[PDB]
Each structure stands twice: as C-alpha cells, then as structure tokens.
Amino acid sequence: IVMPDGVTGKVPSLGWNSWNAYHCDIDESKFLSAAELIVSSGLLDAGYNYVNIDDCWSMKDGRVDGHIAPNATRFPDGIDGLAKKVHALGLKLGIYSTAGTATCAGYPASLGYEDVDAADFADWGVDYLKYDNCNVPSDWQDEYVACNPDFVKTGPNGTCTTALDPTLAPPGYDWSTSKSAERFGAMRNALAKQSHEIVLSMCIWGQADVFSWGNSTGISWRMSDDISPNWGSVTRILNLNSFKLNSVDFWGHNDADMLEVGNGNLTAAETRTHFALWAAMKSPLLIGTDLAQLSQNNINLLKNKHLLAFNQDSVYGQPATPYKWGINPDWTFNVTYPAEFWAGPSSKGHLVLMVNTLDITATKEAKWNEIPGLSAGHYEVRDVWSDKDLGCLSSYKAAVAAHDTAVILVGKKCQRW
C-alpha cells in the first residue's frame, strides 16, 4: 500500500524486533539497549532504523477503561516515553497487536477496537504496527482455508485438494472479500484516520491468499508460519516464498519473517544464505537477536552494503527471482531443496545468488544465458561477500560450502563476445 508521505514503506522496512531475541521476557531497557547499539554499531548508518516491540508489552489481564494498558513495570515511562527516547536517537518505534480477541501470547488485542487502539498508538508516537493473526472468534473466522502449504495438508508438490482438507476453498474463491481481508482492512482504515503515520505489517502467515489483496491493505505481509533458528526453517520459508514473488514490488513486500542471524544452531554458511536470500527476496529485514552478544562478523554481515543496496533499490521494485531450481526440475515445490539459482536487476547491476542446498561442498556455475537480462559474453563481476573484483568473466564458477550461497554482482559488459 502507498503511504501519504510518499516514501515510508516503499522499499522494505529495516530494523530490529524483540521477539527472536527475548520472546515474552521484555522490558524498556531491552529496547533502549537495542536502540543505542543500533546507533553505535553503525547499523543505523547501514539503514536499520526501526526498534520494534513484539508481544508481551501490555498488561496481560485486560483492558483498562477500554484501552490496552502498557505494562508499567516493564515500561515505567510508558510507550510514549520510550518513543520519545527512541526518536531522539533518530530511530522509529514499532508496536504489536493482533487481529483477534487476544494476542498470540494471550495479551489484549484489537479486533473490534481498531479505532481506539490506532488512536492510542498514534498518540504515543508509534511508527509501525505488526498485526498478528491469533485468536479469531467464530463470527470473524474465514469460511474456508486457502492453499497455504504451511497450514494445510498437501499432496505432491505442495498441492491442495478438498479430499486432503474438506474446508479448502472452492475454485474461484475471492479472498479479497474474506473475513481475514476485512479484519486487516479495518486496521488499515483505523490507522489511516490518525494524525501520526503508522505503517502496517500484516502478520497473517501467508493465510487467506494475502498475496492477492495485501498490497491494497499494508506495506508488508508475513508469507509463512513463524521462523525458527535452523536450516530447516530457512529452506522451508525459502521454498514457499520462491513461488510467490510476483506479489513483491514497491510498497508491498512478502515478509519472510524476522532474522535469525546470531541465533540457534545456524552455521556461518547457513546464516549467510539466510541473510542474503532474505535481502534479495526484498523481505523486510528485522534483526532479532541481542546486539550486545552479536559477533562483529554477524554485525558486518547485516551491514553488507551490496545486499542492503539491492534490497533498498528505489528504481527496481521487484526482487531477485529463481532462474533455475538446480537439483530438481524448475518449479518443484520442495521444503528441503528449494530453488538454488537466483537473480535480479538493480541500479548497481544484476545480483546473482547460488545456494548450495547439499551438505557437502559443491561447484556452482552462473551462466549468463540462463539469467534474465544477461546474455552470453564477458561481464565485469564483483564478489558481494568479499567486495573483491572477480574480473572480466564469461561465466562464474565457485566451490560453495555446505548450505552456503555464492553471491555476485554482474556489472558492465566488458567484451561483446
């Protein structure tokens, strides 16, 4: 969705969110520390400007006089006070609610209270709303389910049938008028009435075919169930998103979920793959780890100037897309062996990414004729990881470590042949 100021939300949101770092165990100090570290580490300089509050911020046990109350134990100066502090550092503040009767963690939520909550969030100076999808009561549930392989039983190749799920929507169903669309549109409309600009992140997990109606409603939409800090989760979301990239352009980006950089059992290679593909798919990039414990190597990864420039390109709205699946035939839905060969144009040239989904080193080759927008011949090439010149090349062949991604930027043609 386009926003009134003509800029905010046009390219993907960059920031930090408490959830993958702290889950339900949050307080004001955690946000202030995050804000200070985003500035001092250079992350703000790299473009990361949102400090986003996730679930568990309010008094759990009900509204106070019809309003969601901040938990004052956690936020002694309120959300408004926190917003002041964050804004003084040149940053923006995000908050969280749910399009249901309680949040996913059981806190007050906004279904039927969209105008009241929007007004409070705006009065506090909040800049960004993550709006989750738990706890939808009967009179607001959808009639049917959409074919979302993360939530519905599938046959081969991620296909749905009413034999597999008798509540699967009939052929031709118009999701743009489902109850899910209504629930999210109600919050769109409430936020749009406020005299403070709040962008809407639609945390709907790829449900209700948000791909078809999302752009009319918010700036971004989750496209899968919740991420976990492991390779299986990374490949699952990569596979799912690889089929949905025609929904991604200016003002409306599929959200591959909060980054797991620095977390869990992800290896160095797996972490590069995750970051690089989230960037290239033009998902919002929300850091989700305690920055006080994040290695400099991971900080430097998050600041990768080429991946950030690509993600943030103000001329090319579309993401990198798969040009060859690799181990499987093109367009094969597979949660463990997603599409390997990706590319897309930008102001700085064509970004090309080659994911090694095998668990041993493998040679991978970027062949220009295979890549949309390029043709046989020689191009000037740069390695995105090392920022080194790779020369004037007729193709690019690399040994890629297990679960790593080779990433290059293809510049000008350097010979006609």
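The numbering used is simple: start at 1 and walk along the sequence shown.
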Inset, instruction - Could you settle it for me: does 23 to 31 or 368 to 376 have the higher average Cα B factor in the PDB entry? - result: 368 to 376
Inset, instruction - Look over 358 to 366 and 49 to 57 in the entry and identify the one with the greater average Cα temperature factor. - result: 358 to 366
Legend entry - Peak C-alpha temperature factor (PDB record), options 256, 88, 169, 109: 88
Inset, instruction - Quick one: which of 159, 71, 224, 289 shows the highest Cα temperature factor in the PDB entry? - result: 159
Legend entry - residue 284 CA temperature factor, ranked by third within the chain: lowest
Inset, instruction - Compare the C-alpha B factor of residue 174 with those of the other modelled residues in its chain, then answer lowest, middle or highest third. - result: highest
Legend entry - Chain-wide C-alpha B factor ranking for residue 260, given as lowest, middle or highest third: lowest
Inset, instruction - Classify residue 14 as lowest, middle or highest third according to the C-alpha B-factor given in the PDB entry, relative to its own chain. - result: lowest
Legend entry - Lowest, middle or highest third - CA B-factor, residue 229: lowest
